[PDB]
$ cat structure.pdb   # PDB, C-alpha atoms
ATOM      1  CA  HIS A2003      56.045 -43.037  96.170  1.00  0.00           C
ATOM      2  CA  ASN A2004      57.698 -41.168  93.277  1.00  0.00           C
ATOM      3  CA  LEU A2005      55.855 -37.855  93.586  1.00  0.00           C
ATOM      4  CA  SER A2006      57.193 -34.331  93.259  1.00  0.00           C
ATOM      5  CA  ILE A2007      57.944 -32.158  96.282  1.00  0.00           C
ATOM      6  CA  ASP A2008      54.520 -30.596  95.664  1.00  0.00           C
ATOM      7  CA  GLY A2009      52.850 -34.021  95.443  1.00  0.00           C
ATOM      8  CA  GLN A2010      52.283 -34.130  91.686  1.00  0.00           C
ATOM      9  CA  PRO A2011      52.769 -37.609  90.180  1.00  0.00           C
ATOM     10  CA  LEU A2012      55.850 -38.197  88.048  1.00  0.00           C
ATOM     11  CA  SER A2013      54.310 -40.891  85.806  1.00  0.00           C
ATOM     12  CA  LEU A2014      51.602 -40.675  83.156  1.00  0.00           C
ATOM     13  CA  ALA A2015      48.828 -43.242  83.496  1.00  0.00           C
ATOM     14  CA  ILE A2016      46.937 -45.215  80.838  1.00  0.00           C
ATOM     15  CA  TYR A2017      43.480 -46.760  80.696  1.00  0.00           C
ATOM     16  CA  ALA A2018      43.217 -49.114  77.654  1.00  0.00           C
ATOM     17  CA  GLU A2019      40.316 -47.203  76.051  1.00  0.00           C
ATOM     18  CA  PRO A2020      37.036 -49.159  75.784  1.00  0.00           C
ATOM     19  CA  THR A2021      36.512 -51.076  72.550  1.00  0.00           C
ATOM     20  CA  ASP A2022      34.128 -49.073  70.274  1.00  0.00           C
ATOM     21  CA  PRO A2023      30.306 -49.179  70.106  1.00  0.00           C
ATOM     22  CA  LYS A2024      28.424 -52.388  69.302  1.00  0.00           C
ATOM     23  CA  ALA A2025      26.153 -52.881  66.294  1.00  0.00           C
ATOM     24  CA  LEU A2026      23.044 -55.033  66.726  1.00  0.00           C
ATOM     25  CA  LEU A2027      21.134 -56.663  63.872  1.00  0.00           C
ATOM     26  CA  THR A2028      17.783 -58.363  63.342  1.00  0.00           C
ATOM     27  CA  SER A2029      16.729 -61.068  60.903  1.00  0.00           C
ATOM     28  CA  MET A2030      13.612 -62.596  59.402  1.00  0.00           C
ATOM     29  CA  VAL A2031      12.687 -65.974  60.881  1.00  0.00           C
ATOM     30  CA  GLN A2032      10.544 -68.352  58.829  1.00  0.00           C
ATOM     31  CA  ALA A2033       8.828 -71.508  60.046  1.00  0.00           C
ATOM     32  CA  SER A2034       7.520 -74.563  58.238  1.00  0.00           C
ATOM     33  CA  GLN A2035       4.035 -73.976  56.827  1.00  0.00           C
ATOM     34  CA  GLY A2036       1.583 -76.439  55.319  1.00  0.00           C
ATOM     35  CA  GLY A2037      -1.241 -76.257  52.816  1.00  0.00           C
ATOM     36  CA  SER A2038      -4.870 -77.281  52.693  1.00  0.00           C
ATOM     37  CA  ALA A2039      -6.070 -80.786  51.874  1.00  0.00           C
ATOM     38  CA  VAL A2040      -8.859 -81.778  49.486  1.00  0.00           C
ATOM     39  CA  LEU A2041     -12.011 -83.802  50.137  1.00  0.00           C
ATOM     40  CA  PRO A2042     -14.109 -85.921  47.763  1.00  0.00           C
ATOM     41  CA  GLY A2043     -16.528 -83.793  45.782  1.00  0.00           C
ATOM     42  CA  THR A2044     -20.278 -84.099  45.387  1.00  0.00           C
ATOM     43  CA  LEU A2045     -22.156 -84.797  42.152  1.00  0.00           C
ATOM     44  CA  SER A2046     -24.254 -81.803  41.149  1.00  0.00           C
ATOM     45  CA  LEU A2047     -27.340 -82.026  38.961  1.00  0.00           C
ATOM     46  CA  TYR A2048     -26.158 -79.686  36.183  1.00  0.00           C
ATOM     47  CA  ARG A2049     -23.886 -80.384  33.243  1.00  0.00           C
ATOM     48  CA  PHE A2050     -20.284 -79.199  33.176  1.00  0.00           C
TER
ATOM     49  CA  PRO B2051     -18.465 -66.597  17.950  1.00  0.00           C
ATOM     50  CA  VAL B2052     -18.706 -68.969  20.931  1.00  0.00           C
ATOM     51  CA  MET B2053     -14.982 -69.707  20.840  1.00  0.00           C
ATOM     52  CA  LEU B2054     -14.395 -65.963  20.555  1.00  0.00           C
ATOM     53  CA  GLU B2055     -16.436 -65.328  23.709  1.00  0.00           C
ATOM     54  CA  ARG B2056     -14.598 -68.009  25.689  1.00  0.00           C
ATOM     55  CA  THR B2057     -11.174 -66.856  24.507  1.00  0.00           C
ATOM     56  CA  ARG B2058     -12.021 -63.240  25.329  1.00  0.00           C
ATOM     57  CA  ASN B2059     -12.974 -64.185  28.890  1.00  0.00           C
ATOM     58  CA  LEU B2060      -9.716 -66.101  29.340  1.00  0.00           C
ATOM     59  CA  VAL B2061      -7.633 -63.219  27.959  1.00  0.00           C
ATOM     60  CA  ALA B2062      -9.391 -60.778  30.295  1.00  0.00           C
ATOM     61  CA  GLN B2063      -8.401 -62.987  33.225  1.00  0.00           C
ATOM     62  CA  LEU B2064      -4.812 -63.028  31.948  1.00  0.00           C
ATOM     63  CA  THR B2065      -4.804 -59.218  31.801  1.00  0.00           C
ATOM     64  CA  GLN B2066      -5.981 -59.078  35.418  1.00  0.00           C
ATOM     65  CA  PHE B2067      -3.136 -61.410  36.405  1.00  0.00           C
ATOM     66  CA  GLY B2068      -0.588 -59.198  34.659  1.00  0.00           C
ATOM     67  CA  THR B2069      -1.839 -56.061  36.394  1.00  0.00           C
ATOM     68  CA  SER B2070      -1.650 -57.773  39.789  1.00  0.00           C
ATOM     69  CA  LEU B2071       1.894 -58.971  39.066  1.00  0.00           C
ATOM     70  CA  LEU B2072       3.081 -55.470  38.196  1.00  0.00           C
ATOM     71  CA  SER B2073       1.493 -53.981  41.326  1.00  0.00           C
ATOM     72  CA  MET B2074       3.099 -56.551  43.629  1.00  0.00           C
ATOM     73  CA  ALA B2075       6.480 -56.007  41.980  1.00  0.00           C
ATOM     74  CA  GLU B2076       6.227 -52.258  42.584  1.00  0.00           C
ATOM     75  CA  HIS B2077       5.327 -52.691  46.255  1.00  0.00           C
ATOM     76  CA  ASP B2078       8.151 -55.176  46.844  1.00  0.00           C
ATOM     77  CA  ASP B2079      10.667 -52.817  45.229  1.00  0.00           C
ATOM     78  CA  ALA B2080       9.516 -49.909  47.407  1.00  0.00           C
ATOM     79  CA  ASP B2081       9.907 -52.050  50.528  1.00  0.00           C
ATOM     80  CA  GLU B2082      13.428 -53.037  49.456  1.00  0.00           C
ATOM     81  CA  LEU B2083      14.366 -49.379  48.988  1.00  0.00           C
ATOM     82  CA  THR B2084      13.059 -48.500  52.453  1.00  0.00           C
ATOM     83  CA  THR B2085      15.019 -51.345  54.059  1.00  0.00           C
ATOM     84  CA  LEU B2086      18.221 -50.216  52.330  1.00  0.00           C
ATOM     85  CA  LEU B2087      17.651 -46.674  53.596  1.00  0.00           C
ATOM     86  CA  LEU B2088      17.222 -47.931  57.161  1.00  0.00           C
ATOM     87  CA  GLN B2089      20.425 -49.997  57.060  1.00  0.00           C
ATOM     88  CA  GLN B2090      22.396 -47.015  55.758  1.00  0.00           C
ATOM     89  CA  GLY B2091      20.876 -44.923  58.540  1.00  0.00           C
ATOM     90  CA  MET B2092      22.130 -47.449  61.090  1.00  0.00           C
ATOM     91  CA  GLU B2093      25.685 -47.204  59.764  1.00  0.00           C
ATOM     92  CA  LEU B2094      25.570 -43.399  59.743  1.00  0.00           C
ATOM     93  CA  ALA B2095      24.215 -43.417  63.305  1.00  0.00           C
ATOM     94  CA  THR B2096      27.192 -45.461  64.484  1.00  0.00           C
ATOM     95  CA  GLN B2097      29.613 -42.976  62.940  1.00  0.00           C
ATOM     96  CA  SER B2098      27.683 -40.039  64.444  1.00  0.00           C
ATOM     97  CA  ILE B2099      27.909 -41.568  67.922  1.00  0.00           C
TER
END
$ encode --input "structure.pdb" --output "structure tokens"
Amino acid sequence: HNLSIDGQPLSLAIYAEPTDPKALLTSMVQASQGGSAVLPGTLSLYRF
Amino acid sequence: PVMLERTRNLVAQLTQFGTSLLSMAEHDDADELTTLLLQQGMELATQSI
């Protein structure tokens, strides 16, 4: 199994180091919005 | 005199509009500065980790 007489390994291992931290972002979300509608107006008694 | 009174009222309303515009601009700019600071803090936090 390729060890020393004392049992120490004779090969150096590797691990393929994990790939960095991860950055997370947020965004503003807008939805369709409407406006008010108008109704017929009354006739007051006073002048303009 | 009557036209002067009417025009003065309209100009007063215009002055109010201008003041409101300046105030809203200032608040929006402050919010933009804060958001920039927070994004830069995120980047620095990644490097610190």
$ atom_distance --input "structure.pdb" --atom1 "CA of residue 2065 (chain B)" --atom2 "CA of residue 2083 (chain B)"
27.6 Å
$ closest_atom_pairs --input "structure.pdb" --of "chain B" --to "chain A" --cutoff "12 Å" --atoms "all atoms listed in the file" --output "JSON lines"
{"residue": "B:2085", "atom": "CA", "partner": "A:2028", "partner_atom": "CA", "distance": 12.0}
{"residue": "B:2088", "atom": "CA", "partner": "A:2027", "partner_atom": "CA", "distance": 11.7}
{"residue": "B:2089", "atom": "CA", "partner": "A:2027", "partner_atom": "CA", "distance": 9.6}
{"residue": "B:2092", "atom": "CA", "partner": "A:2025", "partner_atom": "CA", "distance": 8.5}
{"residue": "B:2093", "atom": "CA", "partner": "A:2025", "partner_atom": "CA", "distance": 8.7}
{"residue": "B:2094", "atom": "CA", "partner": "A:2025", "partner_atom": "CA", "distance": 11.5}
{"residue": "B:2095", "atom": "CA", "partner": "A:2025", "partner_atom": "CA", "distance": 10.1}
{"residue": "B:2096", "atom": "CA", "partner": "A:2023", "partner_atom": "CA", "distance": 7.4}
{"residue": "B:2097", "atom": "CA", "partner": "A:2023", "partner_atom": "CA", "distance": 9.5}
{"residue": "B:2098", "atom": "CA", "partner": "A:2023", "partner_atom": "CA", "distance": 11.1}
{"residue": "B:2099", "atom": "CA", "partner": "A:2023", "partner_atom": "CA", "distance": 8.3}
$ atom_distance --input "structure.pdb" --atom1 "CA of residue 2018 (chain A)" --atom2 "CA of residue 2003 (chain A)"
23.3 Å
$ atom_distance --input "structure.pdb" --atom1 "CA of residue 2063 (chain B)" --atom2 "CA of residue 2077 (chain B)"
21.5 Å
$ axis_aligned_box --input "structure.pdb" --around "region 2007-2019 of chain A" --padding-each-side "8 Å" --output "AutoDock Vina command-line options"
--center_x 49.1 --center_y -39.9 --center_z 86.2 --size_x 33.6 --size_y 34.5 --size_z 36.2
$ residues_around --input "structure.pdb" --residues "residue 2013 (chain A)" --least-positions-apart "4" --cutoff "12 Å" --atoms "only C-alpha atoms" --output "MDAnalysis selection string"
chainID A and resid 2003:2006 2009
$ build_atoms --input "structure.pdb" --residues "region 2022-2047 of chain A" --atoms "N, CA, C and O atoms" --output "tab-separated table (two decimals), in the coordinates of the input"
chain	number	residue	atom	x	y	z
A	2022	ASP	N	35.13	-49.60	71.21
A	2022	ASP	CA	34.13	-49.07	70.27
A	2022	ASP	C	32.67	-49.26	70.69
A	2022	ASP	O	32.38	-49.80	71.77
A	2023	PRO	N	31.70	-48.77	69.89
A	2023	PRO	CA	30.31	-49.18	70.11
A	2023	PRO	C	30.04	-50.58	69.57
A	2023	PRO	O	30.91	-51.20	68.97
A	2024	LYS	N	28.82	-51.07	69.78
A	2024	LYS	CA	28.42	-52.39	69.30
A	2024	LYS	C	27.20	-52.25	68.41
A	2024	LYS	O	26.23	-51.57	68.77
A	2025	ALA	N	27.25	-52.89	67.25
A	2025	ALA	CA	26.15	-52.88	66.29
A	2025	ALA	C	25.30	-54.12	66.50
A	2025	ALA	O	25.83	-55.23	66.65
A	2026	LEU	N	23.98	-53.94	66.52
A	2026	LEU	CA	23.04	-55.03	66.73
A	2026	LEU	C	22.16	-55.15	65.50
A	2026	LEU	O	21.74	-54.14	64.93
A	2027	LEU	N	21.89	-56.39	65.08
A	2027	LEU	CA	21.13	-56.66	63.87
A	2027	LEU	C	19.94	-57.55	64.18
A	2027	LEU	O	19.89	-58.25	65.20
A	2028	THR	N	18.96	-57.51	63.28
A	2028	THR	CA	17.78	-58.36	63.34
A	2028	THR	C	17.65	-59.12	62.03
A	2028	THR	O	18.22	-58.73	61.00
A	2029	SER	N	16.88	-60.21	62.06
A	2029	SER	CA	16.73	-61.07	60.90
A	2029	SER	C	15.30	-61.57	60.82
A	2029	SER	O	14.57	-61.62	61.81
A	2030	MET	N	14.90	-61.95	59.61
A	2030	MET	CA	13.61	-62.60	59.40
A	2030	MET	C	13.71	-64.08	59.71
A	2030	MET	O	14.62	-64.78	59.25
A	2031	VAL	N	12.75	-64.57	60.49
A	2031	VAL	CA	12.69	-65.97	60.88
A	2031	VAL	C	11.45	-66.58	60.25
A	2031	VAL	O	10.34	-66.08	60.44
A	2032	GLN	N	11.64	-67.66	59.49
A	2032	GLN	CA	10.54	-68.35	58.83
A	2032	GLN	C	10.39	-69.75	59.41
A	2032	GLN	O	11.37	-70.41	59.75
A	2033	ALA	N	9.14	-70.20	59.50
A	2033	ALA	CA	8.83	-71.51	60.05
A	2033	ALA	C	8.14	-72.34	58.98
A	2033	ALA	O	7.60	-71.81	58.00
A	2034	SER	N	8.17	-73.65	59.17
A	2034	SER	CA	7.52	-74.56	58.24
A	2034	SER	C	6.02	-74.31	58.22
A	2034	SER	O	5.38	-74.19	59.27
A	2035	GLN	N	5.45	-74.23	57.02
A	2035	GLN	CA	4.04	-73.98	56.83
A	2035	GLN	C	3.47	-75.01	55.87
A	2035	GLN	O	4.12	-75.37	54.88
A	2036	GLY	N	2.26	-75.47	56.16
A	2036	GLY	CA	1.58	-76.44	55.32
A	2036	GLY	C	0.52	-75.80	54.44
A	2036	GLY	O	0.29	-74.59	54.45
A	2037	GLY	N	-0.14	-76.66	53.66
A	2037	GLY	CA	-1.24	-76.26	52.82
A	2037	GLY	C	-2.51	-77.03	53.15
A	2037	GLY	O	-2.51	-77.95	53.97
A	2038	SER	N	-3.59	-76.63	52.49
A	2038	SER	CA	-4.87	-77.28	52.69
A	2038	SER	C	-4.90	-78.64	52.01
A	2038	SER	O	-4.15	-78.92	51.07
A	2039	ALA	N	-5.79	-79.50	52.49
A	2039	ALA	CA	-6.07	-80.79	51.87
A	2039	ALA	C	-7.43	-80.74	51.18
A	2039	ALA	O	-8.26	-79.87	51.43
A	2040	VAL	N	-7.65	-81.71	50.30
A	2040	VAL	CA	-8.86	-81.78	49.49
A	2040	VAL	C	-9.71	-82.94	49.96
A	2040	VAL	O	-9.19	-83.95	50.45
A	2041	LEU	N	-11.02	-82.80	49.80
A	2041	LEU	CA	-12.01	-83.80	50.14
A	2041	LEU	C	-12.70	-84.29	48.88
A	2041	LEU	O	-12.68	-83.62	47.84
A	2042	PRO	N	-13.31	-85.48	48.91
A	2042	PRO	CA	-14.11	-85.92	47.76
A	2042	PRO	C	-15.24	-84.95	47.48
A	2042	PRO	O	-15.86	-84.40	48.39
A	2043	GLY	N	-15.51	-84.74	46.20
A	2043	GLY	CA	-16.53	-83.79	45.78
A	2043	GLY	C	-17.87	-84.44	45.52
A	2043	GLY	O	-17.97	-85.63	45.23
A	2044	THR	N	-18.92	-83.64	45.63
A	2044	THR	CA	-20.28	-84.10	45.39
A	2044	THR	C	-20.58	-84.11	43.89
A	2044	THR	O	-19.84	-83.54	43.08
A	2045	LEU	N	-21.67	-84.78	43.52
A	2045	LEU	CA	-22.16	-84.80	42.15
A	2045	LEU	C	-23.35	-83.85	42.06
A	2045	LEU	O	-24.42	-84.14	42.60
A	2046	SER	N	-23.16	-82.74	41.36
A	2046	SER	CA	-24.25	-81.80	41.15
A	2046	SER	C	-25.24	-82.36	40.13
A	2046	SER	O	-25.05	-83.44	39.57
A	2047	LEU	N	-26.31	-81.61	39.91
A	2047	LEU	CA	-27.34	-82.03	38.96
A	2047	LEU	C	-27.13	-81.45	37.57
A	2047	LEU	O	-27.70	-81.97	36.60
